């Protein structure tokens, strides 16, 4: 008699959720971006124990509005300027809602053919937008792709494939040889790469974080990479894997992809390109040069759930040889066996990821591309970049401020210059002035700004592109920075 998917409840709960969402988008800008709660508030307000009895879903939604929403940081706010925006769209939310309701589990093709074939089709469409070489999709090709939750999983599975190949060819006695494998990335590489290395069992003493400096705009210098890898090879270590980043998290530095692949090829090392954020911009011809050389790397990942209007989670991994991944990741449990899998004519996507089950993530990505089309997706990239250029040129027109690195995409790095005011004579002073500025913009509730460290300096990041954000939001943000800065001097 209890039917959790009864027709009446399905329609009314979801209608109430849609009403909440409409109200939320109309009212989010008026809320403070950052909340004013203390750790532990939530269990105080909800209770410590689940209710014994049921409640009308209107009560659940009231507690959502009363206790959850006021304790949120509003990533959807047009005044959220931190990290990178989680850009979103009605088509993507619609697609994920439909996937959640059908709730298929696509470990094998047979487990739901449409879920796997649409994932393959969405990956292929995106590869076409990105102008990936045909070696990255799939009649003799060996390339292909998989949608994963995170860049970390994409790093982990390619690290495992590279690890297993290095151990096999170098003659390791089982994993006795694992302590001789070495891996390489610039010191601007996201911290999650180094964690994935540790997960896969690489020795922390052999995880090389290569220094970068202002001379290359903090991109990886391939001469410094070659020297590190050669020194390891001369010491009896096995260079195994290099991560190059296009669009680093701190300052949007860009590693030279082709030059890195050429260096790594001297050692037969795996090369993965992390383009989690800036990959989406490469659907535009004027940005596609940042991926030159990708035809010589082993794998590349990017996240539509950053800059391609697809809600979390959605990270796309492309490899030139899927057999290298399935060799490490495949299983063949009896209860999943089926004629299609046996035939070799399908790829079961459990064999391209860590886990077994998986959501129908292909649906929302296809719905975004199918509904909006390439031209609109390109104009979405370009309008975000143009807003960022407005903000950069505003920073450059005020001699109290400096733009710390060149702007490649929609992120501007800036700070209060030294010698800008009495409260910033030295550069250690200017450091504390910028920290004060940031904490003052955040208490306002009309901004969320977070910082980074660029060449030993305290720097404010301004990451443009929250989906609700328009040009006037960025200009008003500039006025608020200017205004707050003046009040700090006197």
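Residue numbers count along the first chain shown, from 1.
Student: None, 1 to 3, 4 to 9, or 10 or more: how many residues of the deposited sequence lack coordinates between residue 104 and residue 105?
Tutor: Nothing is missing.
Student: Between 296-304 and 388-396, name whichever shows the higher mean Cα B factor according to the PDB entry.
Tutor: Between 296-304 and 388-396, it is 388-396.
Student: Look up the CA B-factors in the entry and say which stretch, 218-226 or 117-125, has the higher mean.
Tutor: Mean C-alpha B-factor is greater for 218-226.
Student: Whose CA atom has the top B-factor in the entry, of 144, 139, 357, 149?
Tutor: The listed residue with the largest C-alpha B-factor is 139.
Student: At the C-alpha atoms, which of 156, 412, 312, 369 reaches the highest B-factor in this entry?
Tutor: It is 412.
Student: For residue 46, does the deposited CA B-factor place it in the lowest, middle or highest third of the chain?
Tutor: Middle third.
Student: Please rank the C-alpha B-factors of the chain's modelled residues and tell me whether residue 134 sits in the lowest, middle or highest third.
Tutor: CA B-factor rank for residue 134: highest third.
Student: Taking the values exactly as deposited, rank residue 481 by C-alpha B-factor within its chain and report the matching third: lowest, middle or highest.
Tutor: Top third by C-alpha B-factor.
Student: Ranking the modelled residues of this chain by C-alpha B-factor as given in the entry, is residue 204 in the lowest, middle or highest third?
Tutor: Its C-alpha B-factor belongs to the highest third of this chain's values.
Student: Report the third (lowest, middle or highest) to which the CA temperature factor of residue 61 belongs, ranking only the modelled residues of the same chain.
Tutor: Its C-alpha B-factor, which the entry lists for residue 61, ranks in the lowest third among residues of this chain.
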